[PDB]
Number of protein chains: 2
Amino acid sequence: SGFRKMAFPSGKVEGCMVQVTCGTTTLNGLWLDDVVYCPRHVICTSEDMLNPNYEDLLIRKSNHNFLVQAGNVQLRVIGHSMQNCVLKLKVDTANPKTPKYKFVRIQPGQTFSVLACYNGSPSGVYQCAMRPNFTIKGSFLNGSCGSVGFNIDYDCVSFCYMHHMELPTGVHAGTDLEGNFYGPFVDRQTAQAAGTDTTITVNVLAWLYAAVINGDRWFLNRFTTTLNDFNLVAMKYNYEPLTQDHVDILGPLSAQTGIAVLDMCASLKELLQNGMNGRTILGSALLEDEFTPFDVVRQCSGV
Amino acid sequence: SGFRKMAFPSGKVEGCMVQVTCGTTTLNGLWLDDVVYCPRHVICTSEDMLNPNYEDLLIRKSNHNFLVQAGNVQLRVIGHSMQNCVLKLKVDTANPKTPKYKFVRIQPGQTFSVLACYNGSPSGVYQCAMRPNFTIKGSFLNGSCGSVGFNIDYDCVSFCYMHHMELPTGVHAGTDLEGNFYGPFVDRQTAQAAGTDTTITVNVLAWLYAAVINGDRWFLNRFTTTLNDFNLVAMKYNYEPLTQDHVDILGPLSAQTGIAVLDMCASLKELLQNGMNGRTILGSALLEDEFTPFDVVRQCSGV
Ligand SMILES: *[C@H](O)[C@H](C[C@@H]1CCNC1=O)NC(=O)[C@H](CC(C)C)NC(=O)OCc1ccccc1
Ligand SMILES: *[C@H](O)[C@H](C[C@@H]1CCNC1=O)NC(=O)[C@H](CC(C)C)NC(=O)OCc1ccccc1
């Protein structure tokens, strides 16, 4: 038993990380088959970054302006192209470590593993949820751009995130691997703010089920509630409304524990209205919303 | 910026995980050069596990009783031996993916990455601290034994933990890679309890410095305290005493922030005596003690 925030094993992605240098700018790229993907702002200079015109900037580049390094081996760039906010550099070598992969775009409320990288070299792995306001709460320093986020399903890597920037609140923004930003953000050095966020209700309930599966039961009660009466409370506390599809997604956890979803919603209502009174749930004094129902089932089915 | 609990990239260890089966028992092993390491209780049966005599049990085994699988390739066992609570199986093939490695034993208060595995296949990665009572707070189901814990330093993997069992409180116990248990535990199915735990004071202060580096400053104050007067408060709240070596270890973080250690100790004293009054620190409503000073420096020096 036990419940821990857990990343996917990162080996398959570590074999894809390279270093991309253009001018005095160095960041990370993703080498799949004979293409390297990286943030297009690698071609910017300090002054270009206030309001660059990337079509102009790229036209003024040629293949020899891009230095790609896969460990010690330098890869020869034989083509370059822009796809939205990502640059695609064709190289003279197919990555022999290319896994089965897909490019997928994730929804707010879903999770993925981030492999933080610097100078083409992986440094650490951790889990993130895409917030309702299309930001993630990550850990990224200068040089981390081009680090990617991903999920793994039966040795197929679904890439969903490439890192591009940090907002003033300390949260992080980036694109899918088609180079389309998550959220209303742009890759230039101007004042940008995340919209207001909300709490992911279905994830909180999933984590409450994880708590019960692991022996935390103090917050349970005999009451049930209706979907409508719960959603009235949710709106008050800046929680997303619960839909019948969310109840259905929680079905398997409801079955394993014998606690109906609307039974657990009564617990959440009382937790929202009364707090915890000094107690904790799975070691947290706060209600956690960064675990999906799938994340919970992944750790808890064997208990 | 940003501060996240972060595992080491797990690729180098994923290339070492195999599956070890004996009788109806299957768990994980660690394949380095031509030796596979696994928990010795793989040789037990359901009834052996109450109070096994492992020397007897091993003498009654031979090489052909052990089935080792590295993916689809079956490895031939050519020798077996016991080293304390781990079994060493010599196989006919050196692992071509063997990294530079060491076997190290860690101290309470230190952290490491756990690569959770099932049937020889990695499933997820996360960070653990060795508690003062020699347990870890992990996530392990049936079949996870032989999963290992490790740190990485300049492409050298220091292995420090192999998983063996779960205690009744839901916490986890195991050995170093020499097969010597952390703590006063034994590998048999009897009633065993962890001693009382304490909070790792130097880690809490390290996390407070991480908070300041990331812009959380509300808990700071103008006061300083003495080491003796702090340790009087620490004893009251079940915190470990702070030593001059702990102040020294925190030196670099103290320098980066311009906040002396005994200056931060005054903050911690007030937090212990007054709580947070509804506020959070790096997104936590509780004081966190699972980050070492090294873990913090690793993420925060570039800020
Ligand atoms: C790319 O490596 C870098 C990642 C930033 C650097 C600090 N934390 C991150 O996530 N991205 C940028 O530097 C980005 C480039 C623009 C052309 C989009 N700008 C940016 O993030 O500015 C915000 C910032 C905040 C704090 C420190 C440095 C930059
Ligand atoms: C080895 O795979 C297994 C790991 C346990 C299983 C559940 N969570 C874990 O960490 N170890 C054992 O099963 C261990 C074997 C003895 C011979 C040492 N016994 C054990 O952990 O018993 C406690 C237990 C608690 C909850 C479920 C199952 C077993």
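Please read every residue number as a count from 1 along the shown chain.
Quick check of the header: X-ray crystallography, 1.8 Å.
Backbone N, Cα and C atoms are what each Cβ position is placed from, and that goes for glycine too.
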- Message: Can you tell me which of these residues Swiss-Prot lists as ubiquitin cross-link: A:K90, A:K236?
- Response: A:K90
- Within 10 A of the CB of A:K5 (ubiquitin cross-link), the number of other CB atoms across every chain shown is 19
- Taking A:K5, A:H41, A:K90, A:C145 as the recorded positions, those within reach of chain B by Cβ under 8 Å are A:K5
- Query: If we check Cα distances from A:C145 (active site, nucleophile), which of the recorded positions A:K5, A:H41, A:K90 wins as closest?
  - Reply: A:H41
- The correct three-state DSSP answer for A:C145 (active site, nucleophile) is coil
- For A:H41 (active site, for 3CL-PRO activity): DSSP state (helix, strand, coil): helix
- Judged by the number of other CB atoms within 10 angstroms, which among A:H41, A:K90 is the least packed of the recorded positions? A:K90
